[PDB]
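For reference, the structure is listed below as structure tokens.
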Amino acid sequence: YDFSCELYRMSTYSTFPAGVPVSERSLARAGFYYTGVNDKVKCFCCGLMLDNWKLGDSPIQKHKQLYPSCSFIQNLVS
Ligand SMILES: [Zn+2]
């Protein structure tokens with residue numbers, strides 16, 4: 001289903017900057033791929049864009065909170 005998709009998302013983090021305080025795996029699992037700019041990531045499903053990640057930030061929570069209508073985030077959490 002989203003099998004290869006999550007794996008593709010993971011691959012986009014090859015250039016992710018070193019000091020970002022959230023794991024790339026968690027980002028990719030939350031539906032986000034890396035835009036190649038700063039620490040800005042984008043949902044493959046709804047296009048929600050997020051950057052300036054802080055220690056302890058939950059990509060899934062931010063995702064659910066900001067753009068609940070995303071089918072991916074709805075199905076991930078259900
Ligand atoms: Zn989304």
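Chain lettering (A, B, ...) mirrors the order of the structure tokens, residue numbering begins at 1 for each chain separately, and ligand numbering begins at 1 in order of display.
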
Requested in this report: Could you tell me, counting only C-alpha atoms and all ligand atoms, which protein and nucleic acid residues lie no more than 9 Å from ligand 1, written as a PyMOL selection string?
Outcome: chain A and resi 30-32+42-49+63-64+67-74

Output C-alpha atoms of each residue in that selection to a file, as a tab-separated table (two decimals), in the first residue's frame.
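Result file is result-v2.tsv:
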```
chain	number	residue	atom	x	y	z
A	30	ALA	CA	4.42	10.66	9.34
A	31	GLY	CA	4.15	11.01	5.54
A	32	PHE	CA	6.80	13.68	5.10
A	42	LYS	CA	6.26	18.09	2.85
A	43	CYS	CA	3.47	15.51	3.14
A	44	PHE	CA	3.31	13.25	0.10
A	45	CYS	CA	-0.47	13.11	0.51
A	46	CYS	CA	-1.70	16.61	1.31
A	47	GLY	CA	1.34	18.82	0.69
A	48	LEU	CA	1.45	20.23	4.24
A	49	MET	CA	4.86	21.91	4.68
A	63	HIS	CA	0.36	16.71	10.96
A	64	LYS	CA	-2.96	15.70	12.60
A	67	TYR	CA	-4.15	19.35	8.38
A	68	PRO	CA	-6.63	16.74	9.72
A	69	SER	CA	-8.29	16.22	6.30
A	70	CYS	CA	-5.22	14.42	4.93
A	71	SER	CA	-6.38	10.88	4.11
A	72	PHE	CA	-2.94	9.49	4.90
A	73	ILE	CA	-2.68	10.99	8.39
A	74	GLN	CA	-6.29	9.86	9.08
```

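Summary of the local environment: counting only C-alpha atoms, residues at most 8 Å from range 1-16 of chain A, other than itself and those fewer than 2 positions away along its chain, are residues 18, 24, 25, 28, 29, 31, 32, 33, 34, 35, 36, 38 and 39 of chain A.
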
Export of the given selection (C-alpha atoms) as a PDB file, in the first residue's frame:
```pdb
ATOM      1  CA  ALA A  18      22.874  16.960  10.512  1.00  0.00           C
ATOM      2  CA  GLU A  24      14.185  11.192   9.600  1.00  0.00           C
ATOM      3  CA  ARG A  25      12.417   7.868  10.092  1.00  0.00           C
ATOM      4  CA  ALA A  28       8.999   9.741   6.752  1.00  0.00           C
ATOM      5  CA  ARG A  29       6.600   7.583   8.764  1.00  0.00           C
ATOM      6  CA  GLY A  31       4.154  11.008   5.545  1.00  0.00           C
ATOM      7  CA  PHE A  32       6.797  13.682   5.099  1.00  0.00           C
ATOM      8  CA  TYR A  33       9.555  13.782   2.504  1.00  0.00           C
ATOM      9  CA  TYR A  34      12.458  16.219   2.496  1.00  0.00           C
ATOM     10  CA  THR A  35      12.190  19.220   0.162  1.00  0.00           C
ATOM     11  CA  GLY A  36      15.955  19.742  -0.014  1.00  0.00           C
ATOM     12  CA  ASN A  38      16.665  23.759   5.257  1.00  0.00           C
ATOM     13  CA  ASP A  39      14.770  21.237   7.405  1.00  0.00           C
TER      14      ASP A  39
END
```

Requested in this report: Using DSSP on the backbone coordinates, identify all residues within chain A classified as alpha helix (DSSP H); present the result as a VMD selection string.
Outcome: chain A and resid 3 to 11 24 to 29 59 to 66 71 to 77

Query - Surrounding residues of residue 22 in chain A excluding itself and chain neighbours under 6 positions, 7 Å, only C-alpha atoms, as a list in words - result: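 Returned residues: residues 53, 55 and 57 of chain A.
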
Requested in this report: Quick one: pull the distance between CA of residue 58 in chain A and CA of residue 78 in chain A, Å, one decimal.
Outcome: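 The value is 16.8 Å.
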
Query raised in the report: In Å to one decimal, how far is CA of residue 62 in chain A from CA of residue 76 in chain A?
Result: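 Pair CA of residue 76 in chain A / CA of residue 62 in chain A returns 13.5 Å.
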
Which of chain A end up as strand (DSSP E or B) when DSSP is run on this backbone - answer as a tab-separated table (two decimals) with C-alpha atoms, in the first residue's frame?
```tsv
chain	number	residue	atom	x	y	z
A	32	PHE	CA	6.80	13.68	5.10
A	33	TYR	CA	9.56	13.78	2.50
A	34	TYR	CA	12.46	16.22	2.50
A	41	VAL	CA	9.50	18.66	4.76
A	42	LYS	CA	6.26	18.09	2.85
A	43	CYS	CA	3.47	15.51	3.14
A	49	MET	CA	4.86	21.91	4.68
A	50	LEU	CA	6.75	22.01	7.98
```
